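Descriptive structure summary
Residue strings, one per chain:
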Amino acid sequence: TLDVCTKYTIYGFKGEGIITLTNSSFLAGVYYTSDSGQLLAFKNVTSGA
Amino acid sequence: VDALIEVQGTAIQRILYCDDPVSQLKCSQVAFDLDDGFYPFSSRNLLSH
Ligand SMILES: *[C@@H]1O[C@H](CO)[C@@H](O[C@@H]2O[C@H](CO)[C@@H](O[C@@H]3O[C@H](CO[C@H]4O[C@H](CO)[C@@H](O)[C@H](O)[C@@H]4O)[C@@H](O)[C@H](O[C@H]4O[C@H](CO)[C@@H](O)[C@H](O)[C@@H]4O)[C@@H]3O)[C@H](O)[C@H]2NC(C)=O)[C@H](O)[C@H]1NC(C)=O
Ligand SMILES: *[C@@H]1O[C@H](CO)[C@@H](O)[C@H](O)[C@H]1NC(C)=O
């Protein structure tokens, strides 16, 4: 569910927070993280999201 | 082969091989260009194995 604070667990990475949508398309990567290893960004290949 | 890599928002470019002694030098300083000056270097010890 989108744009709401919730408990999540994605690919073995989990926490509590608000998922959000951006538009910055990138031709490489399904996921991304902070340099601190905090998994901020991730991609959706099927939808392009 | 070892070389430096640039990533530009999931776009790579400006790649130079590290298959040369002085290039391996520039590779050691990970700088596309270096200022003149004094730098301490190792002896070439890659003659025979
Ligand atoms: C990245 O994010 C995208 C976007 O969410 C994910 O892809 C979507 O996945 C969801 C399900 O997880 C899909 O949602 C459904 O899509 C229907 C239309 O899309 C097709 O897919 C369904 C099966 O889901 C087919 O049966 C259908 O014929 C379509 O051809 C919507 O119509 C759905 O709503 C319907 O179903 C729900 C229950 O599921 C009902 O409650 C509704 O009332 C309605 O009847 C539903 O929304 C979505 O289609 C997917 N989109 C794409 C583009 O694939 C990715 O999986 C995710 N990850 C990656 C890596 O991309
Ligand atoms: C969403 O799309 C708009 C329309 O071009 C754009 O201005 C905005 O930057 C996009 N959001 C992103 C890239 O996070």
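Residues numbered from 1 in each chain as written, not as in the entry; some residues may be left out. Chains lettered and ligands numbered in written order. Part of a larger assembly, values for the part shown. Heavy atoms only, no water.

1. Remarks on the overall build of chain B
Just so we agree on the cut-off: Per the convention used, a helix needs a DSSP run of H or I reaching at least four residues, while a strand needs a run of E reaching at least two, with both numbered from the N terminus. Burial here depends on accessible area, computed with a 1.4 Å probe over protein chains only, as a share of the maximum for the residue type. Under 20% is buried, over 50% is exposed, and the range in between is partly exposed. The method behind every accessible area is Shrake-Rupley, applied with a 1.4 Å probe, and residues are considered shielded solely by the protein chains displayed.
Helix and strand counts for chain B come out as 1 helix and 2 strands. Scanning chain B from its N terminus toward the C terminus, one meets helices and strands in the order β-β-α. Taken along the three principal axes of its C-alpha coordinates, chain B extends 40 × 30 × 10 Å. Counting only residues that meet the buried cut, chain B has 10% of its 49 residues in that class. Accessible area for chain B stands at about 4,600 Å²; split by element, carbon and sulfur atoms hold 58% of it.

2. Observations regarding the site of ligand 2
All names here are of chain A. Spelled out, the test is: Whether a residue is near a molecule or strand is decided by its heavy atoms; if any one of them lies within 4 Å of it, the residue is near. Each polar contact in these results corresponds to two N or O atoms within 3.5 Å; when the atoms are within protein, one needs to be able to donate a hydrogen and the other to accept it, and residues that are neighboring in sequence are counted only if both atoms are side-chain atoms.
Neighbouring ligand 2 are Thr22, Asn23 and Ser24. In the environment of ligand 2, an oxygen atom lies 2.4 Å from a nitrogen or oxygen atom belonging to the side chain of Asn23. Bound to the protein, ligand 2 loses 31% of the 350 Å² it would expose on its own.

3. Thoughts on the site of ligand 1
Residue and element names in this part refer to chain A. Lining the immediate surroundings of ligand 1 are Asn44, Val45, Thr46 and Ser47. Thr46 places a main-chain nitrogen or oxygen 2.7 Å from an oxygen atom of ligand 1. In this structure, an oxygen atom belonging to ligand 1 sits 3.3 Å away from a side-chain N or O atom of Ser47. When isolated, ligand 1 has an accessible area of 1,000 Å², and the protein chains bury 19% of it.

4. Describing the layout of surface pockets
All names here are of chain A. Rules: Points on a 1 Å grid, built from protein atoms alone, make a cavity when a 1.4 Å probe fits but cannot get out and make a pocket when they are open with protein on both sides within 12 Å along at least 5 of 7 lines; residues with an atom within 4 Å of a point are the lining residues. Grid points are joined across faces, edges and corners, and a volume is the space filled by probe spheres set on the points. In this count, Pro and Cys sit with the nonpolar residues alongside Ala, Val, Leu, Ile, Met, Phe, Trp and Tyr, while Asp, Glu, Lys and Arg are called charged and the others, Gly among them, polar.
Taken as a whole, the largest pocket holds about 1,300 Å³ of empty space. Surrounding the largest pocket, 37 residues form its lining, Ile19, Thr20, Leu40, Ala41 and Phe42 being those nearest its centre. Among the secondary structure elements, those contributing two or more residues to the lining of the largest pocket are β1 (5-10) and β2 (13-18). The element contributing the most residues to the lining of the largest pocket is β2, with 5 residues. In terms of residue class, the lining of the largest pocket is made up of 19 nonpolar, 14 polar and 4 charged.

5. Looking at the state of the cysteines
Residue and element names in this part refer to chain B. Let me state the cut-off plainly: The term disulfide is used for any two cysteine sulfur atoms that are within 2.5 Å.
If you walk through the whole model with that rule in mind, you get 1 disulfide over all chains. With its sulfur 2.0 Å from that of its partner, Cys18 forms a disulfide with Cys27. The S-S bond linking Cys18 to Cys27 shows a torsion near -105 degrees; that makes this disulfide left-handed. Relative accessible area serves as the criterion here: at 26%, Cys27 is assigned to the partly exposed category.

6. With respect to helix α1 (residues 21-28) of chain B
For α1 of chain B, the N-terminal cap is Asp20 of chain B; the gap from its side-chain oxygen to the backbone nitrogen of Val22 of chain B is 3.3 Å. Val30 of chain B, located one to two residues past α1 of chain B, shows a positive phi value of around 40 degrees.

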